[PDB]
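Here you get one chain, nothing else, as structure tokens; it is the form deposited in one PDB entry.
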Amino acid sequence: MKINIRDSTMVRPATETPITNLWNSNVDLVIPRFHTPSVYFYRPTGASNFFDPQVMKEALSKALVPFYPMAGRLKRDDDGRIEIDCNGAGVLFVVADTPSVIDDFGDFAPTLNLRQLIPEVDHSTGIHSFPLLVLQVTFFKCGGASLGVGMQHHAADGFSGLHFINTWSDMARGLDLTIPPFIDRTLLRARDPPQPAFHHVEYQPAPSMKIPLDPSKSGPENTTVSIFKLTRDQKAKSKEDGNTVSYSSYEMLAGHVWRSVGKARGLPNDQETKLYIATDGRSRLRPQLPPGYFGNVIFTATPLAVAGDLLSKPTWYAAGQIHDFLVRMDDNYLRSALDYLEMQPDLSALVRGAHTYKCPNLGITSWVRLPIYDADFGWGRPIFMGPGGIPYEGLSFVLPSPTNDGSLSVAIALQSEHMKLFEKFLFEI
């Protein structure tokens, strides 16, 4: 598609913010190097001032006073550890036009051309040379608009990122700050001395294919991205084969996706397959994190199975493996995990910038509980919000319904031929 940039502004906090160096916990360091992409789409109201850039920039500068680290930069301290240089250098805000219309995105499958709706960042020069947050409003021919978001997660995770975007929109509507950000990640400081109590499977290497796969076709350029609606349901039946154990809706769904992906990939009976589940630690850490905690708190649950078992046993078996790993992740385990991380020489080497989400493994994250449609800047809630292009194969997202309409969507990247079979997705037998 064709993007025409009309304006590009570095937006700074509306008033003076603290000049300071913000420490990063171990969880703020096991972080992808690139900016994480997300996109929102809005229908026109028909009003002339729809997404007025002036209103947007003014409210952005305002939100950047309590969320001031967002306007900072990356630096390393004396020990070489990355920290946030809170210098209020600011946030990139781009305005664009395109002859395309929103309806061209059809089902809003998060294809990679979505990246054109988010500003590009050059990571080639230093870590201190790019804003932590880049933003783009693009006006479509149809009168509609997208908001493109690129955020470097050393600043914070997607949950705190949402807190910021929603606050920004509240302010565009002339409203007040509701939950003030809490800015201090020493709450996740590791114990001294570090004392891990577990062997943490979730930091071990992913299983490889016992029999290596044809690099292409089956690489970057054989990867399709699709989205699928599940229309409720359309947890039951976990009663299959007389199983009495009750599993949650999330457990059953994640197990189903994991299993369906295994089936679609034709995994041999003896092939191990690992599932990586984004798990929010805010509700599990037991001194209990302040509301508005600004930072990363996303841990990962990694249940494993042999495909022979995963694919021949009922879906509740998959849900069971998942549940077993989700249940072990209480404060004691997460504290253990922080201590484990503390002893590793190089935290950046533990980042799954995968590579490892490749057949036979899978990542899944659910945004079902997240306030992803609350960003009303004064012209209505978005008709869609999703990841801004799934980078590579083996990543999946569960998205709540914009209308609810208790429907769910599964957005996922797989190899071309695997994707067709993934239509295994649509039978609970």
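Sequential numbering from 1, following the sequence displayed.
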| property | result |
| --- | --- |
| Unresolved deposited residues in the interval that joins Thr244 and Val245 | none |
| Entry-level comparison of average CA B-factors, 57-65 and 399-407, reporting the higher stretch | 399-407 |
| Entry-level comparison of average CA B-factors, 47-55 and 370-378, reporting the higher stretch | 47-55 |
| Largest Cα B-factor, entry values, listed residues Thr279, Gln195, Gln136, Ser283 | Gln195 |
| Residue of maximum C-alpha B factor among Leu253, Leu350, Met151, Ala236, per deposited coordinates | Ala236 |
| Among modelled residues of the same chain, the CA temperature factor third for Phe130 | highest |
| CA B-factor placement of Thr273, once the chain's modelled residues are sorted into thirds | lowest |
| Within-chain third of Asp157 by Cα B-factor, per the entry | lowest |
| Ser25 - which third its CA temperature factor falls in, relative to the rest of the chain | lowest |
| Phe105 CA temperature factor, ranked by third within the chain | highest |
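Omitted from view is the form solved in complex with a small molecule, to which the following refers.
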item: Interface stretch in the deposited complex with the small molecule - options 41-49, 60-68, 360-368, 399-407, non-hydrogen atom within 4.5 Å; value: 360-368
item: Contacting member of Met151, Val261, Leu275, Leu114, with respect to the small molecule in the deposited complex [4.5 Å, heavy atom]; value: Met151
item: The single option of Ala96, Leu311, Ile227, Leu326 touching the small molecule in the deposited complex, heavy atom within 4.5 Å; value: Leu326
item: Contact of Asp280 with the small molecule in the deposited complex (heavy atom, 4.5 Å); value: yes
item: Non-hydrogen atom contact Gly320 with the small molecule in the deposited complex at 4.5 angstroms; value: no
item: Contact test in the deposited complex: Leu162 vs the small molecule, heavy atoms, 4.5 Å; value: yes
item: Partner proximity in the deposited complex: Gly158 to the small molecule, non-hydrogen atom cutoff 4.5 Å; value: yes
